[PDB]
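Throughout, read-outs are computed from the coordinates displayed, never taken from laboratory work. Here the Cβ positions follow ideal geometry from the backbone for every residue, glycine too, while neighbour counts run over all protein chains shown.
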Amino acid sequence: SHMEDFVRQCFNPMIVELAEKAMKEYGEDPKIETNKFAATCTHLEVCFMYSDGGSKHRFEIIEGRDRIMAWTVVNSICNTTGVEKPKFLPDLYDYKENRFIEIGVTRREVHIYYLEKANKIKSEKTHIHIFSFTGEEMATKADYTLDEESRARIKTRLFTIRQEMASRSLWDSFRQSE
Ligand SMILES: [Mn+2]
Ligand SMILES: [Mn+2]
């Protein structure tokens, strides 16, 4: 398919392999559910740009690790700091603010996905931060964790990926697939 070739020539190889591993590891094949393949790569790259923002060792990356190793690091962070173990695996831990962070990338408005994720949490201790493909963002207690410039970089990247998909006439099915 067109989407698979585009994902491979758009994102960096480390990201593509981690996305492939994470999808097969949960029974989905990147060569078929190509829209979910693009979205796993996007979520991965956004998470890595986020963790790059801030100081050197501010964020402990949870996403991208294998399941049991990811939970190993959460349990370790929990017994280290004293925070409660979330029931669902988050994406980061903020050592500066002492909180796990769930990062989301949606194509249906910051209000809809923020509302869904906040209801999914049902344990309000986990900080939530949503980006969209339209430049908009919404975050818990309006606390956006990073400075304006890092978030603006993430947003720019998201919009460049959106235009690249449309240039290949892939954007439409991708926006309707979420
Ligand atoms: Mn995740
Ligand atoms: Mn996430």
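When the trypsin sites (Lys or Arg not before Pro) in segment 1-103 are filtered for DSSP coil states and for at most 16 other beta-carbon atoms within 10 Å of their beta-carbon, the remaining sites are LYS31, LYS56, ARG65, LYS87, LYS96. Considering only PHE131, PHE59, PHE88, the Gaussian network model of the chain with Cα springs below 10 Å gives its largest mean-square fluctuation to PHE88. According to the square roots a ≥ b ≥ c of the eigenvalues of the Cα gyration tensor, what is the shape class of segment 1-44, taking rounded for a/c under 1.5, prolate for a/b larger than b/c otherwise, and oblate for the remainder? It comes out oblate by the Cα gyration axes.
For the chain, return all DSSP H helices satisfying: extent of Cα atoms along own axis at least 18 Å; mean Kyte-Doolittle hydropathy at least 0.0. Result, helices passing both filters: 34-52, 67-81.
So if we plug the beta-carbon distance of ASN98 and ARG157 into 1/(1 + (r/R0)^6) with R0 = 35 Å, what FRET efficiency do we get, rounded to 0.05? Efficiency at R0 = 35 Å is approximately 0.80. Neighbour counting of Cβ atoms within 10 Å sorts the residues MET3, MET138, fewest neighbours leading, into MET3, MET138.
Shape call for segment 1-76 from the C-alpha gyration tensor, a ≥ b ≥ c root eigenvalues: rounded (a/c under 1.5), prolate (a/b greater than b/c) or oblate? Since a/c reaches 1.5 but b/c is at least a/b, the shape of segment 1-76 is classed as oblate. Per the Kirkwood formula applied to alpha carbons, the chain shows a radius of gyration over Rh ratio, Rg over Rh, of 0.95. Overall size of segment 65-151 from C-alpha positions, given as principal axis extents largest first: 37, 26, 24 Å. Counting DSSP beta bridges with both partners in the chain, what percentage is antiparallel, nearest 5? Around 60 percent of the beta bridges assigned by DSSP in the chain are antiparallel ones. For segment 117-170, the square roots of the Cα gyration tensor eigenvalues, ordered a ≥ b ≥ c, give a/c of at least 1.5 with a/b no greater than b/c, which places it in the oblate category.
Relative contact order, whole percent, for the chain stands at 17, derived from Cα pairs under 8 Å and 6 or more residues apart.
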